[PDB]
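Descriptive structure summary
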Protein chains: 2
Amino acid sequence: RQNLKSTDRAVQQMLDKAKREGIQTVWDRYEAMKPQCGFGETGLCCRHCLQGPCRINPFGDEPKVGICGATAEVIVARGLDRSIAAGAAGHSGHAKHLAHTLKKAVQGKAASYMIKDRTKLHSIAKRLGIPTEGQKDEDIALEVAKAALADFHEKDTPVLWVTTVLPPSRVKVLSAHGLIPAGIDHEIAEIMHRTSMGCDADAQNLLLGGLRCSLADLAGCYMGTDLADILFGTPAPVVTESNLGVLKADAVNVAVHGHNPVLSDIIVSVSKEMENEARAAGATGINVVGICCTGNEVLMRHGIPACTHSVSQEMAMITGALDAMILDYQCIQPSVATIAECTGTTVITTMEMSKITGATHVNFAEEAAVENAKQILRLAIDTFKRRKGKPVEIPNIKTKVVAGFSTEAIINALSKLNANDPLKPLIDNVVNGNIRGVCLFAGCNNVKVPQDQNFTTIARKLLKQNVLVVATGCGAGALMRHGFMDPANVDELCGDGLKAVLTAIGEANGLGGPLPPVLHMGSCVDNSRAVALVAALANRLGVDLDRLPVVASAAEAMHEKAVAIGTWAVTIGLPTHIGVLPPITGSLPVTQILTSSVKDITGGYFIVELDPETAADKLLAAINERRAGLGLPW
Amino acid sequence: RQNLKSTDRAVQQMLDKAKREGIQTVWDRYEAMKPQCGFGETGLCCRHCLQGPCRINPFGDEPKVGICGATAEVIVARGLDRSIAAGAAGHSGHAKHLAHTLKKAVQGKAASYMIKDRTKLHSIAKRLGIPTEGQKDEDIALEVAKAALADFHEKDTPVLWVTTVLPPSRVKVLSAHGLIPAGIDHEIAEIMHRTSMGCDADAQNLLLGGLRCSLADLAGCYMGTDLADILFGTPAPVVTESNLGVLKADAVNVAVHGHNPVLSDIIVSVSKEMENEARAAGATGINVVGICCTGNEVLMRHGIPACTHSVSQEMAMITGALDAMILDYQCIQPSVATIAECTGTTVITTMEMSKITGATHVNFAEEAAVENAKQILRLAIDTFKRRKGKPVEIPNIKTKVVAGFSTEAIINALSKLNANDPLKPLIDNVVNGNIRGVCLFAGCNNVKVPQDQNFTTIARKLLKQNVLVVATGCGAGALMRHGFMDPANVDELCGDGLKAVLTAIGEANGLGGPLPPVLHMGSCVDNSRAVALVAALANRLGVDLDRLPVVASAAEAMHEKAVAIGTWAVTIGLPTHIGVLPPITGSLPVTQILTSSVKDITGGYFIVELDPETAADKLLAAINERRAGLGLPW
Ligand code: SF4
Ligand code: SF4
Ligand code: FES
Ligand code: FES
Ligand SMILES: [Fe+2]
Ligand SMILES: [Fe+2]
């Protein structure tokens, strides 16, 4: 019964194919892992020194405490902090890569890269205090790249990709609690230090450290978006398609998978130049498709169709038509390298610190980006030739996707209703009730949850109650694959007030129809775009973020990066739902801090709820409490 | 039967007292943890995402692979890499603290701190390429502190506290394999990134990353020693005592515990000024004693007696005479805060990122160091007053300890036998067989091993075979508490050739007797001093470190810091014994790399051996293989 594994019908069809062919999947590896360890599930396990492993029974008798004396609340808080630091290390490493790429580009060392969005470059420079008047663009960009790199270490200022992106009143709240990061890698290292044996052993102190490290993660996200927009262009509305039916039996199908547009953006451009070489090999052309966030990046900027996401990534290979899978880093199931032996796909790694045994490695260098891309795409063309005459099974299933809603694009769309005060039309309709509030869906799928079931169940309940829904990452992936980014579904999905607003904006932008039911704001680093929108609304209203009717939902969370994002959503002031259990329930004191008493520190809080209907009710209650706090009807 | 817990008789006596008083100890918490989880013991557990916990059966049937596809060798290598990064985060955080302290001192912001060792300052400056001619000392020091801080991030040079401290030929070997760190916190963050879900998944690639991060740890160690020597003085030979009998019923007994001399050095000086205030309270004075590495720091520089170490730290409190325990960070069992409720001890934390629930916190600031020290010591005096008329049980057990053998001190001692070529007398006696080789004992005690049993068993076997033995950290602690730093024990412990050499050096230095059987080279960061000595020998001989008859033994290892140290010992070219099982045996491929094929990369290798007699035989075989490689008899 494949609908217990995934609610996506294309995924179900490929699970049937994998089963009859004897190809083990993520769902099979999960079944083989059951029952999972309940010490790990509850957070009551520690391996931070060679006296371990230590564990604590959630209930009953001994063991009650770690060998060194570490209590349940210390063990739980230390493990959580390490997860936050690991997420911060991923988002900001991504950002550091892009900062080095921009520096190389403007120093004449990588001519495949350039300043594509000069408007974005100048606005970032102004936000940071970098002078622009009478400066060459390449010198402004060099200063921006140097400022980005400087935020990784201690200096005379705090992390500017925190303090220049939130309103002063929020910065003041955070500073009063010691939560502003001093440097991105500085905080990651401090976490690893304080959580090592015989160091920090006070749950509140540990968790304050975690909140601060989560803001280092936010800075890496915001830096990643800023730099990718400079290099590759700020997204604007675009129309494309999603799901496995975007693969084409007659073409060389190339998936870009992983995270950084420094890689996927060049593949997209070079693939167009290699069309005739692909035709010489018997193909119609090169069909680049997206998986995971790298896919989101090229979907947002270029309309490249999204093949699949997260938990179902192996299924693209099961079709038999995926000639290459080009990988950077993060969220790539290493099973892809073994499955490729069965399906024929050429899996190619490109980054020095992210290799997979059995996959071909092609060192990417920005200085040689075009030549490296051609070498990679020629491996793909060779693989296509090997499947001449082989039948494939591509499910004929795809949805229409309108996307590209950067914060700049949302403001521009609203400006068609009020040119000199673009945020006011949105605020007006929150006040009059046509928009109840805003919910950001973020983060992964997780094999424990039938794929997409929480995202779609929650989104349906909120849309019917007139909530404006925005989405990133594989939450955007889930919603796009189920039709939530097709404006043809507005009538079925949206309450009357929300429909009226989406229609007024869309028609004022010439569409003759509404905006889509859900606004796709991009990749996981592009959660920073939602921060920019919410901060702009707070500044326009003269209130802090913890008074706005805005919530977040990591409805099917998996990666350490999603834990970090959820934690900074709480830290900036949002009620934040998580739809899978993080390893915290073994400590009531820690759970109480994260779901209740953190409200008194930052105004945000976690809502841990595995039942999606109940989660939607709790998210609506959180929105309505904010409305009442502003004196609004609800 | 307390000798199964500790071979230290003072510890045994306090275990009997804890038992009759119902005070739970580390050994009781260990017993309550048995049997420990064998997935964790073997390394076959992963909690790096919210699909976990995942585990792999070492043998048998499913589960055989992680849910995402992570193999046993990936899971084992990722966990090990995180442990190395966490150790690096501790040693280098320590170093960063000292760099900020030096900067503040020379900028006029902390007058309790100063340049105490001008010779060391100028030599470090010269080693780094910083000009000294016609510069003020405060400006040279500012440049040294800024260079230290710069090594934490990427810049135009690699980490100079690696590349300027090893011989060029070793740097070249490491560079050829990509192992030179680019920045200390940069590498820590890269590790956390590459080991997060869906990133690096090739065991060799992961382990190369770990070796590089271990060199970031070495840099933090060497930086810590350098900066502590500038601020507090380079050690020279000193005589003191060790074990619980250094406590005095009639005095205010104050333990300094944790790591950084920025704290313990001021306590020592201020305590002398407060003698009359202590006498006013009915005490004879303030008796400062050491625990763990902070204790080693003040023992090496000032002859402060060492009370206890590592695993037995709770026993100092059980005496009833410990009025205060002043903590910084690292290796402090958090049980001390609960035990204090029973024993009366005032436990005081001082660092913002290392608090313990139930312990009094007194914020230390360098700018207020003397005033903070007096506040702390007045809490101790008040506590002494509360135990007026209370009997105490201080075991009347202590050993004589000769220590203070910095590398500068060892060279100076040798220079009395050859003034213009001080290393030659040591080399001469290696060649003629009076010295078989050199063994460094490093790292912790571990509750799994009867306390000190591996250190003493191995040391006895090596000393009888004419090995020169040096020691740091709680390996030095174990050996000092069992008489291995008392020159009166040379006749009993040392082979005839080693005795002849220790006697010739000692008599040439005026002692009328030998150097002690083991040379104490200091704290855990001061393992860097052993690197300086070995590098100087390599440079004098014109060979790389992997040709010298030098080995290391982390005979009872516990902390993530000890894993990092063991790993950089392997990376710089040494055969390196570890006497407890690291979580690697669940993967034969990983174990084979770490114990065998790494020899072909760095020339070093791990020797995993839990039986100490067998470990000594394997260490001697490793020394003798090096002798034969140099064409020497053995
Ligand atoms: S840090 Fe404490 S709780 Fe964790 S493994 Fe070590 S002894 Fe056990
Ligand atoms: S990273 Fe892979 S092996 Fe580790 S917990 Fe997640 S699914 Fe399991
Ligand atoms: S005891 Fe299972 S996660 Fe450690
Ligand atoms: S299953 Fe015990 S350490 Fe995870
Ligand atoms: Fe992602
Ligand atoms: Fe130590």
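Each residue takes a number counted from 1 along its chain in the order the sequence is written, a numbering that need not match the entry; residues with no coordinates do not appear. Chain labels run from A onward and ligand labels from 1 onward, assigned in the order the entries are written. Think of the side-chain values as coming from all heavy atoms in the structure, minus any hydrogens and water.

Let us look at the domain arrangement of chain A. All names here are of chain A. These domain boundaries are the output of an automatic or database domain assignment. Examined at the domain level, chain A breaks down into domain 1 (61-235), domain 2 (236-404) and domain 3 (407-634). Each of two parts loses accessible area, computed with a 1.4 Å probe, when they are put together; buried area is these two losses added. The contact between domain 2 and domain 3 buries some 1900 Å² in all, and 63% of this surface belongs to carbon and sulfur atoms. When residues of domain 2 are sorted by the area they lose upon contact with domain 3, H309, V311 and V402 head the list and together hold 24% of the total. Salt bridge criterion: a side-chain nitrogen from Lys or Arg within 4 Å of a carboxyl oxygen from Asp or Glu. Here domain 2 and domain 3 share 0 salt bridges between them. We define a polar contact as two N or O atoms separated by no more than 3.5 Å, with the added condition that, inside protein, one atom must be a possible hydrogen donor and the other a possible acceptor, whereas residues neighbouring each other in sequence contribute only through side-chain atom pairs. Remark: the boundary between domain 2 and domain 3 carries 11 residue pairs in polar contact. Of all the elements in the fold, those that place two or more residues in the side of domain 2 that touches domain 3 are α13 (292-302), β6 (306-308) and β10 (399-403). At 7 residues, the largest contribution of residues to the side of domain 2 that touches domain 3 is made by α13. Note on residue classes: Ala, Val, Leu, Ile, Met, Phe, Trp, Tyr, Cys and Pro are nonpolar, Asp, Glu, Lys and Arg are charged, and everything else, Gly too, is polar. Class assignment of the residues belonging to the side of domain 2 that touches domain 3 gives a composition of 12 nonpolar, 11 polar and 3 charged. For helices the rule is a DSSP run of H or I covering at least 4 residues; for strands it is a run of E covering at least 2, with both sets numbered from the N terminus onward.

All names here are of chain B. Inspection of every chain in the model, using the stated rule, returns 72 salt bridges over all chains. The closest approach of N and O atoms between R170 and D544, which form a salt bridge, is 3.0 Å. Of this pair, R170 sits in helix α8 (residues 168-176) while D544 sits in the loop between α23 (527-541) and β14 (550-554), and the two are 374 residues apart along the sequence. Neither residue differs from the other here; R170 and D544 are each classed as buried. Here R301 makes a salt bridge to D229, at a shortest N to O gap of 2.8 Å. With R301 in helix α13 (residues 292-302) and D229 in helix α10 (residues 203-232), the pair connects residues that are 72 residues apart, well separated along the chain. Note on exposure labels: buried denotes an accessible area under 20% of the residue type's maximum, exposed denotes more than 50%, and partly exposed covers the range between, all computed with a 1.4 Å probe on protein chains only.

On to the site of ligand 1, then. Here a residue counts as near a molecule or strand whenever at least one of its heavy atoms sits within 4 Å of it. Lining the immediate environment of ligand 1, one finds A:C46, A:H48, A:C49, A:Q51, A:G52, A:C54, A:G66, A:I67, A:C68, A:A70, A:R78 and A:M197. A breakdown of the residues in the shell around ligand 1 according to their chemical character gives 7 nonpolar, 4 polar and 1 charged.

What follows covers unusual backbone geometry. Here the residue pair B:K34 and B:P35 is connected by a cis peptide bond, since its omega of -5 degrees sits within 30 degrees of zero. Residue placement: B:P35 occurs in the loop between α2 (26-33) and α3 (38-42). In this chain, B:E62 is followed by B:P63 through a cis amide linkage whose omega measures 5 degrees. Locating B:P63 in the fold gives a position in the loop between β2 (54-55) and α4 (72-106). The backbone of A:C331 sits at a positive phi, close to 75 degrees, despite the residue not being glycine.

What follows concerns the coordination of the iron ion (ligand 5). Residue and element names in this part refer to chain A. Water is not among the atoms examined, so metal sites may look incomplete; donors are the N, O and S atoms within 2.8 Å of the metal, or within 3.2 Å for Na, K and Ca. With distances of 2.2 to 2.4 Å, the protein atoms coordinating the iron ion (ligand 5) are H259 (NE2) and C293 (SG). You can see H259 sitting in the loop between β4 (252-257) and α11 (261-273) and its partner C293 sitting in helix α13, a full 34 residues away along the chain. Per residue, the accessibility class of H259 equals that of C293, and both read buried.

Okay, the interface of chain B and chain A next. Often, the extent of an interface is quoted as the loss of accessible area on bringing the components together. Of the residues lining the interface, 83 residues belong to chain B; the matching set on chain A comes to 83 residues. Carbon and sulfur atoms supply 58% of the area buried between chain B and chain A, which totals about 6800 Å² over both sides. Looking at the side of chain B facing chain A, the largest losses of area belong to B:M33, B:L50 and B:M353, adding up to 12% of the total buried there. Inspection of the region where chain B meets chain A yields 2 salt bridges. Close ionic contact of A:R82 with B:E560 constitutes a salt bridge, the shortest N to O distance being 2.8 Å. Within the residue set of the side of chain B that touches chain A, elements represented by two or more residues are α2, α3, β2, α4, α9 (184-194), α10 and α24 (560-571) of chain B. For the side of chain B that touches chain A, the element with the highest residue contribution is α9(B), accounting for 8 residues. Between two residues, a contact is recorded if the distance between any of their heavy atoms is within 4.5 Å.

Before going further, it helps to examine the relation of the copies chain B and chain A. For the match of chain B to chain A, the screw axis carries a shift of 0.0 Å, the RMSD comes to 0.0 Å, and the turn is 180 degrees. Look at the turn and shift together and you get a two-fold axis relating the two. By C-alpha distance to the rotation axis, the residue of chain B lying nearest is B:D185, at 2.8 Å. A shared interface surface links the copies, since 100% of the contact residues of chain B are contact residues in chain A too. The superposition of copies relies on a least-squares fit of their C-alpha atoms.

What follows covers the sheet that holds β14(B). Residue and element names in this part refer to chain B. In short, DSSP must find at least two bridges between two strands for them to pair. Pairing in this open sheet of 6 strands is parallel, and the strands run β13-β12-β11-β14-β15-β16 from one edge to the other. Two strands bound the open sheet, and with one partner strand each, they are β13 (518-522) and β16 (605-608). Each neighbouring strand pair of the sheet contributes to a mean axis angle of 25 degrees, computed without reference to strand direction. As paired strands, strand β11 (residues 438-441) and strand β12 (residues 468-472) are joined by 4 bridges and run parallel to one another. Residue pairing across strands places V438 opposite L468, the latter belonging to β12. Whenever a helix is involved, its axis is fitted only over the stretch in contact; in every case the axis is a line through C-alpha atoms, and angles between N-to-C directions fall within 0 to 180 degrees. Relative to the sheet, α23 contacts β11, β12, β13 and β14, its axis offset from that of β13 by approximately 115 degrees.

This next bit is on the nonpolar core. Residues A:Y113, A:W161, A:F441, B:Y113, B:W161 and B:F441 are the most contacted members of the largest nonpolar core, which totals 486 residues. The dominant element in this core, judged by the number of residues it contributes, is helix α10 (residues 203-232) of chain A, at 18 residues. We define a nonpolar core as any set of buried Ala, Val, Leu, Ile, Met, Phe, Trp, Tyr and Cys residues linked to one another through side-chain atoms lying within 4.5 Å.

Another point: the sheet that holds strand β16 (residues 605-608) of chain A. Residues and elements named next belong to chain A. One open sheet holds the 6 strands; their spatial order is β13-β12-β11-β14-β15-β16, and the pairing between them is parallel. With one partner strand each, in any of the chains shown, β13 (518-522) and β16 form the two edges of the open sheet. Sheet twist, expressed as the mean angle between neighbouring strand axes with direction ignored, is 25 degrees. Note that strand β15 (residues 575-578) and β16 share 4 bridges and pair parallel. Its bridge partner being in β16, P575 is matched across the sheet by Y605. In the packing of helix α24 (residues 560-571) onto the sheet, the strands contacted are β14 (550-554), β15 and β16, and the crossing angle to β16 comes to about 130 degrees.

Residue and element names in this part refer to chain B. Considered for burial, the residues of helix α25 (residues 588-597) that qualify are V590, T591, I593 and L594. The buried residues of α25 occupy an angular sector of 160 degrees when projected down its axis, which confines them to one face. Tucked inside the fold, the buried residues of α25 contact α4, α10 and β16. By the N-cap criterion, in which a side-chain oxygen at the helix start approaches the backbone nitrogen of a residue two or three places on, α25 is capped by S587, the distance to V590 being 3.2 Å. This arc is taken over the directions from the axis of the helix to the C-beta atoms.

A few words on the environment of B:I332. Mapped onto the secondary structure, B:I332 falls in the loop between β7 (322-327) and α15 (336-343). Under the relative-accessibility criterion, B:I332 is labelled buried at 3%. Here the alpha-carbon distance between B:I332 and B:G404, two residues 72 residues apart in the chain, equals 24 Å. Those residues within four positions of B:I332 in sequence are excluded, and the remaining contacts are A:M197, A:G198, B:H257, B:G258, B:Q313, B:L327 and B:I356.

Take the side chain of A:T132 next. Residues and elements named next belong to chain A. Inspection of the secondary structure assignment puts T132 in the loop between α5 (118-128) and α6 (137-150). You can call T132 buried: its relative accessible area is 18%. Ignoring anything within four residues of it in the chain, the contact list for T132 reads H122, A125, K126 and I140.

On to the packing of aromatic side chains. Two rings from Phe, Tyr or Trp (for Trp, the six-membered ring) form a pair when their centres are within 6.5 Å of each other. A pair whose planes differ by under 30 degrees is stacked, one over 60 is edge-to-face, and the rest are tilted. Taken as a whole, this structure holds 4 aromatic pairs over all chains when the rule is applied. A ring pair is formed by A:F441 and A:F455, whose centres lie 6.0 Å apart and whose planes are at 80 degrees; its orientation type is edge-to-face. A residue pair is termed long-range when its members are at least 10 positions apart, and A:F441 in strand β11 (residues 438-441) and A:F455 in helix α19 (residues 453-464) qualify at 14 residues. For the pair shown, A:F441 and A:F455 are each scored as buried. When the NZ atom of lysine or the CZ atom of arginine is within 6 Å of a ring's centre and also within 35 degrees of its normal, the charge is said to sit over that ring. We note A:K599 situated over the ring of A:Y605; from NZ or CZ to the ring centre the distance is 4.2 Å. Here B:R55 stacks its cationic end above the ring of B:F39, 5.7 Å away from the centre of that ring.

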